Structure formats: structure tokens, C-alpha cells
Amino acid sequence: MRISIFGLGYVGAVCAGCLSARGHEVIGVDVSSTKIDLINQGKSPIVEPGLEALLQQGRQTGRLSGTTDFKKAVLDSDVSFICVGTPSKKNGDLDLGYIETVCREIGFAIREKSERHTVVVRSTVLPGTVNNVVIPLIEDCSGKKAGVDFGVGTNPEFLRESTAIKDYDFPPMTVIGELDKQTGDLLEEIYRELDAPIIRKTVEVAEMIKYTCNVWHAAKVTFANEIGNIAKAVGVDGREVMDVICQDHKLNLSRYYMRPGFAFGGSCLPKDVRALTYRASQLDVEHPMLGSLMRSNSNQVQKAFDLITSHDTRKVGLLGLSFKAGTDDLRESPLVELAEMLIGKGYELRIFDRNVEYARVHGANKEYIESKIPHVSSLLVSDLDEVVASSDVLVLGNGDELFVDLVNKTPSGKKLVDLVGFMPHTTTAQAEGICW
């Protein structure tokens, strides 16, 4: 197909060439006549391994060209890939300036041409951008309507600089955000030949996706730095430490621990986090990320409390009490924290937990349950249907498989608050998730 590409920076030029070398008619579009002159000369504006070669191949076959003429580029192509920059404003919000101009330029170019055009955003933008800005802009400028007259979708890239090409060739995944089915299919052909999954989501979800990947990346670099700093301070090598950790593909580098949900608890995570940062503090090793964990963890408890507590009623049924399903361990259980908050603030609380139950007559914790936390434990009710019937707000606190059935057999008159993720879908006025 014939592709126009708006913005010829690191991702735009890489695109220009990668597509042009696969059999596409590619028109590189940029505001600066230096980048374009370089392109027509078949030369790379950047130092990127193997880019020049690709670009020179684009001119030799006549499959690639550049022009500063936006309108033409549109009228001469069937698909436009938006790759212009979105730099930071002085307050952190991203500057949409460039994106807007391109959008206008495109809309104006469509007002003319009668055939359908396809506008795919690749530039990283906050969620809601395509819907609240690029669409209405194009529309208001083309006098047309997104979806019906012209296609719109988003297409995040994950190219790294200095390996943009190989990243292009072998991506982790290909993700597509679609308004119209038609625009989605076009992208599907485009990456059809790539040995990686294709993931079709709504425009917004896609926008969130690319942002999360990037912040996760900084999160990782940050972790390794803070850990390495503590390492040096205590005499060992961070590199050696992080290597071993990167060996674990069951916990450290899997999807485990990555489900958005409730605070973490137990008799290990919170103490070790406290134990290592205290030590870091003794060695004069600052550590803002490591040192914000607990703070965040508590926020999450508070959050559940604010959700549960917002329905004009004291009647709460708390399903799950141990720090996690399948164990009776109550040590630093966020659910007890939660329970204790509700009690301290006067709520009519009723609790269900068959494991904590079994333990009240079958363990080495009897003492603790009847003398250490009687104000919590005496609120335990073993009849699950009783807890549901006499509560107004039902709170799914842990992964007990028994709570699924509950999630699909919920009676009228009850609010659900989901903290682990049993809900098949997103919040409604009757059922709310802490992160959905």
C-alpha cells in the first residue's frame, strides 16, 4: 500500500525505511527541509545501525520519498502514520502542538480527496487523546466524520533507539487500538508477517498500554539502581545480585505479582521491605522508590476503605480475612487492617473465611485468634449465604475460588466491591472494582 509518514525522527525514519523495504510506497513527511533533503538523497538524519542502508534502498527502488508538502502526501497515499513528537511542557503535561498541526493539515487534505483515507497515530499520547483531540480536530477540519468517512486507530511502537530496526523486525508484540474495524484490518495486514502476537484493543486501552510499558521500563531501571546502591554499600556487587534475580522466571520475571489489586500483606513482604530500607537508611543510601512502597501499600488499603464506605450504610460483609486464600496466616493481613478500620469507625461488619474458621479449632493459632484479635475474629460467620443476606456491601478481599460463584449469583440490593478481580467486567453503579 501507499503510506505517508508524518514526522521523520528516530521512529518516523525507521518506519519510512522498514515499510519501504517490505514493498510499500512510502512518502516521508516532515516540516524541516533538511531531514527531507537528506532522505531523498537516501541518507539517514540519525545514527541508527543499518538505517542509511535501508533508506538508500528506498530511493534506488523508487519506493521511498520525502516532501514538506502535507496535503500532497495525503492525496498521494491511502494510509497516514502519525509519528511526530510530543515533548514535555513546563509542568509535565505533554505538548500536543505538533500533533494538532498535522491533524489540521490532514483534515484539510481530506476535504478535497473523495476516497477514504486512514489516519493511524503512532506517537505516544496520554489516554483519551485520539478521542478528545485528534478526532474532533480532523473532523472539524475535514468537514467529515471519523469512522464512517475516514478510518482512525492508534498503533504504539516499541522501538528502542540503536536497535530500532531489529526491534521493528522482531517486536515483543504488535498492539492496535481501533475505532473502526476497517482501520484495524489494514494494520493487521501490515504486521501480518511479523512473528509476534497482534493485540486489538480500544483506542484508550492501547494508549494506556504504551504508557505503562514505558513507565514500567523506568521502574525497572530504578529498582536495579536502588538495589545496586544498597549492594555496593554493604560490600557486594549489584550486577551479581540482579543477575541471579533475573534467573527467576517463575516469580521475579513472570506475570505473577502483576495483577492490579489490593495491598500486599503477610509476614514477609512488608517486613523485608521495612527491613531493607531501614538498613539502606543506616548506610546513608537514599532510596526514594524502595522508600515509597509502604506508603503506596497503605494508600491501597485506604482506597478500599473509601470505596466500601461510600454507600450510606454500616452494613459490610467482608469475604476473605487471611492475607491470602488457602492459608490461615493472619499476619499483617490487609484485610484485618481493613476490618479493624471499619470496626474502629463503627461499621456493622461480618466476616467470612473458611480457612480462618478451620484454624479456630484445628491449629497452633487458636491463642492468637481468640486473644490477640477477638474484636475481629468474633465477627466471623461460617454461613456464606448469611453473610451475603444481612450485608449491604459485599467486599471480595481474597482469592478464594468460592467467591467466583458469588460474583455471578449476586442478588439485587447489594453493592459489590471487588479488590482482587473476580468481576467479569468494569465497574457499574452496583459492582465496583478497585482498578477496573
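When you see a residue number, it is the position in the sequence shown, counting from 1.
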property	result
Stretch exceeding the other in mean C-alpha B-factor - 27 to 35, 376 to 384	27 to 35
Mean temperature factor over C-alpha atoms, higher-scoring stretch between 332 to 340 and 142 to 150	142 to 150
Among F305, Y98, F158, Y256 - the residue whose C-alpha B-factor is largest in the record	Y98
Residue with highest C-alpha B-factor in the PDB entry, from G228, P172, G320, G363	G363
Third of the chain, ranked by Cα B-factor, where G107 sits	highest
Record-listed C-alpha B factor of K71: chain third	highest
B-factor third for the C-alpha atom of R279 within its chain	middle
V356, C-alpha B-factor rank within chain (lowest, middle or highest third)	middle
Third of the chain, ranked by Cα B-factor, where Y191 sits	highest
